[PDB]
>>> print(open('target_18.pdb').read())   # PDB, C-alpha atoms
ATOM      1  CA  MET A   1      -7.792  11.397 -27.113  1.00  0.00           C
ATOM      2  CA  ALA A   2      -4.575  10.119 -25.456  1.00  0.00           C
ATOM      3  CA  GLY A   3      -5.624  10.745 -21.840  1.00  0.00           C
ATOM      4  CA  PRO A   4      -6.029  13.289 -18.969  1.00  0.00           C
ATOM      5  CA  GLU A   5      -2.713  15.196 -18.613  1.00  0.00           C
ATOM      6  CA  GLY A   6      -3.997  17.068 -15.540  1.00  0.00           C
ATOM      7  CA  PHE A   7      -6.857  19.131 -14.055  1.00  0.00           C
ATOM      8  CA  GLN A   8      -8.019  22.781 -14.061  1.00  0.00           C
ATOM      9  CA  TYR A   9      -9.148  24.911 -11.106  1.00  0.00           C
ATOM     10  CA  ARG A  10     -10.586  28.458 -11.122  1.00  0.00           C
ATOM     11  CA  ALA A  11     -10.227  31.236  -8.511  1.00  0.00           C
ATOM     12  CA  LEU A  12     -13.613  32.531  -7.278  1.00  0.00           C
ATOM     13  CA  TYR A  13     -12.417  35.214  -4.808  1.00  0.00           C
ATOM     14  CA  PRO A  14      -9.535  37.780  -4.998  1.00  0.00           C
ATOM     15  CA  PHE A  15      -6.749  37.149  -2.444  1.00  0.00           C
ATOM     16  CA  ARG A  16      -3.272  38.730  -2.529  1.00  0.00           C
ATOM     17  CA  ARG A  17      -0.120  36.603  -2.128  1.00  0.00           C
ATOM     18  CA  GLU A  18       0.630  36.384   1.612  1.00  0.00           C
ATOM     19  CA  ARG A  19       4.193  35.228   0.878  1.00  0.00           C
ATOM     20  CA  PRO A  20       6.515  35.559  -2.213  1.00  0.00           C
ATOM     21  CA  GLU A  21       6.198  31.730  -2.547  1.00  0.00           C
ATOM     22  CA  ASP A  22       2.377  31.961  -2.249  1.00  0.00           C
ATOM     23  CA  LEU A  23       0.169  31.967  -5.410  1.00  0.00           C
ATOM     24  CA  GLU A  24      -2.388  34.759  -6.004  1.00  0.00           C
ATOM     25  CA  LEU A  25      -6.113  34.189  -6.722  1.00  0.00           C
ATOM     26  CA  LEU A  26      -8.400  36.435  -8.858  1.00  0.00           C
ATOM     27  CA  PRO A  27     -12.200  35.961  -9.504  1.00  0.00           C
ATOM     28  CA  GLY A  28     -12.859  34.109 -12.778  1.00  0.00           C
ATOM     29  CA  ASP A  29      -9.185  33.344 -13.508  1.00  0.00           C
ATOM     30  CA  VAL A  30      -8.101  29.761 -14.375  1.00  0.00           C
ATOM     31  CA  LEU A  31      -5.254  27.782 -12.746  1.00  0.00           C
ATOM     32  CA  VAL A  32      -3.633  24.866 -14.640  1.00  0.00           C
ATOM     33  CA  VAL A  33      -2.376  21.825 -12.641  1.00  0.00           C
ATOM     34  CA  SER A  34      -0.762  18.583 -13.937  1.00  0.00           C
ATOM     35  CA  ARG A  35      -1.436  14.981 -12.800  1.00  0.00           C
ATOM     36  CA  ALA A  36       2.170  14.741 -11.511  1.00  0.00           C
ATOM     37  CA  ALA A  37       1.604  17.575  -8.987  1.00  0.00           C
ATOM     38  CA  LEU A  38      -1.650  16.122  -7.568  1.00  0.00           C
ATOM     39  CA  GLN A  39      -0.167  12.592  -7.373  1.00  0.00           C
ATOM     40  CA  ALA A  40       2.886  14.031  -5.548  1.00  0.00           C
ATOM     41  CA  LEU A  41       0.437  15.441  -2.960  1.00  0.00           C
ATOM     42  CA  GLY A  42      -1.097  11.961  -2.547  1.00  0.00           C
ATOM     43  CA  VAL A  43      -4.638  12.702  -3.776  1.00  0.00           C
ATOM     44  CA  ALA A  44      -7.142   9.826  -4.138  1.00  0.00           C
ATOM     45  CA  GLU A  45      -8.569   9.318  -7.656  1.00  0.00           C
ATOM     46  CA  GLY A  46     -11.780  11.389  -7.560  1.00  0.00           C
ATOM     47  CA  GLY A  47     -10.698  13.684  -4.711  1.00  0.00           C
ATOM     48  CA  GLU A  48      -9.157  16.492  -6.804  1.00  0.00           C
ATOM     49  CA  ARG A  49     -12.721  17.495  -7.838  1.00  0.00           C
ATOM     50  CA  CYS A  50     -12.908  18.851  -4.258  1.00  0.00           C
ATOM     51  CA  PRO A  51      -9.852  21.221  -4.040  1.00  0.00           C
ATOM     52  CA  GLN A  52     -10.710  22.297  -0.453  1.00  0.00           C
ATOM     53  CA  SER A  53     -10.099  18.625   0.511  1.00  0.00           C
ATOM     54  CA  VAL A  54      -6.516  18.794  -0.836  1.00  0.00           C
ATOM     55  CA  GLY A  55      -5.616  22.270   0.481  1.00  0.00           C
ATOM     56  CA  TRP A  56      -2.646  24.202  -0.953  1.00  0.00           C
ATOM     57  CA  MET A  57      -1.608  22.937  -4.424  1.00  0.00           C
ATOM     58  CA  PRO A  58       1.299  23.837  -6.820  1.00  0.00           C
ATOM     59  CA  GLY A  59      -0.004  25.142 -10.178  1.00  0.00           C
ATOM     60  CA  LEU A  60       0.095  27.827 -12.905  1.00  0.00           C
ATOM     61  CA  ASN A  61      -2.065  30.999 -12.802  1.00  0.00           C
ATOM     62  CA  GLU A  62      -3.348  32.678 -16.013  1.00  0.00           C
ATOM     63  CA  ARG A  63      -3.658  36.393 -15.066  1.00  0.00           C
ATOM     64  CA  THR A  64      -0.257  36.597 -13.307  1.00  0.00           C
ATOM     65  CA  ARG A  65       1.488  33.949 -15.473  1.00  0.00           C
ATOM     66  CA  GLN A  66       3.165  32.930 -12.167  1.00  0.00           C
ATOM     67  CA  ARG A  67       3.800  29.455 -10.695  1.00  0.00           C
ATOM     68  CA  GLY A  68       3.465  28.354  -7.052  1.00  0.00           C
ATOM     69  CA  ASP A  69       1.293  26.877  -4.285  1.00  0.00           C
ATOM     70  CA  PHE A  70      -2.255  28.330  -4.072  1.00  0.00           C
ATOM     71  CA  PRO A  71      -4.884  27.747  -1.309  1.00  0.00           C
ATOM     72  CA  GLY A  72      -7.377  25.454  -3.092  1.00  0.00           C
ATOM     73  CA  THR A  73     -10.273  26.649  -0.888  1.00  0.00           C
ATOM     74  CA  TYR A  74     -11.247  29.798  -2.837  1.00  0.00           C
ATOM     75  CA  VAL A  75     -11.223  27.924  -6.192  1.00  0.00           C
ATOM     76  CA  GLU A  76     -13.839  25.907  -8.140  1.00  0.00           C
ATOM     77  CA  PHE A  77     -13.252  22.745 -10.227  1.00  0.00           C
ATOM     78  CA  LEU A  78     -13.353  22.993 -14.062  1.00  0.00           C
ATOM     79  CA  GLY A  79     -12.313  19.544 -15.333  1.00  0.00           C
ATOM     80  CA  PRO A  80      -9.472  17.316 -16.695  1.00  0.00           C
ATOM     81  CA  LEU A  81      -6.774  18.435 -19.183  1.00  0.00           C
ATOM     82  CA  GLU A  82      -7.203  16.598 -22.512  1.00  0.00           C
TER      83      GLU A  82
END
>>> encode(input="target_18.pdb", output="C-alpha cells")
Amino acid sequence: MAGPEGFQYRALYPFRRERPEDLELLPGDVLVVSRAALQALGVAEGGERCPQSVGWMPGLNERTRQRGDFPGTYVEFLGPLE
C-alpha cells in the first residue's frame, strides 16, 4: 500500500550463537529486517534477495525474540515487508 518497509529472511539450518552478540538460526524460523539496516550495510537494490551475497546482517529472530547480526548464508529469502 504505502511501500516496502523492509525484507524477510528465513533460517534453513540450526546453528547456535557463536558469540553473545551473534544471532541464532533455527530451521523454518523467520527473521525480520528493515530497509534502514540493509541500506546501512550498503546493499545494491536487488541484492538483498541473495543474503549470502551480503553476509552477516542485523535483524530480529522469531523463535528467540532476540536481536543481532546473523550469518545470512544459512537463510532463504521470503520477500518485502508491506
>>> closest_residue(input="target_18.pdb", among="A:64, A:78, A:73, A:32", to="residue A:17", atoms="all atoms listed in the file")
A:64
>>> atom_distance(input="target_18.pdb", atom1="atom CA of residue A:37", atom2="atom CA of residue A:13")
22.9 Å
>>> closest_residue(input="target_18.pdb", among="A:1, A:80, A:53, A:47", to="residue A:31", atoms="all atoms listed in the file")
A:80
>>> closest_residue(input="target_18.pdb", among="A:58, A:27, A:42, A:51", to="residue A:77", atoms="only C-alpha atoms")
A:51
>>> axis_aligned_box(input="target_18.pdb", around="stretch 13-28 of chain A", padding_each_side="8 Å", output="lines of an AutoDock Vina configuration file")
center_x = -3.2
center_y = 35.2
center_z = -5.6
size_x = 35.4
size_y = 23.0
size_z = 30.4
>>> atom_distance(input="target_18.pdb", atom1="atom CA of residue A:46", atom2="atom CA of residue A:63")
27.3 Å
>>> atom_distance(input="target_18.pdb", atom1="atom CA of residue A:34", atom2="atom CA of residue A:54")
14.3 Å
>>> resolve_selection(input="target_18.pdb", expression="the PyMOL selection byres ((chain A and resi 28) around 9)", output="list in words")
residues 10, 11, 12, 13, 26, 27, 29 and 30 of chain A
>>> closest_residue(input="target_18.pdb", among="A:50, A:25, A:44, A:38", to="residue A:71", atoms="only C-alpha atoms")
A:25
>>> resolve_selection(input="target_18.pdb", expression="the PyMOL selection byres ((chain A and resi 2) around 12)", output="ChimeraX atom specification")
/A:1,3-5,81-82
>>> closest_residue(input="target_18.pdb", among="A:48, A:36, A:75, A:55", to="residue A:15", atoms="all atoms listed in the file")
A:75
>>> closest_residue(input="target_18.pdb", among="A:39, A:60, A:65, A:70", to="residue A:18", atoms="only C-alpha atoms")
A:70
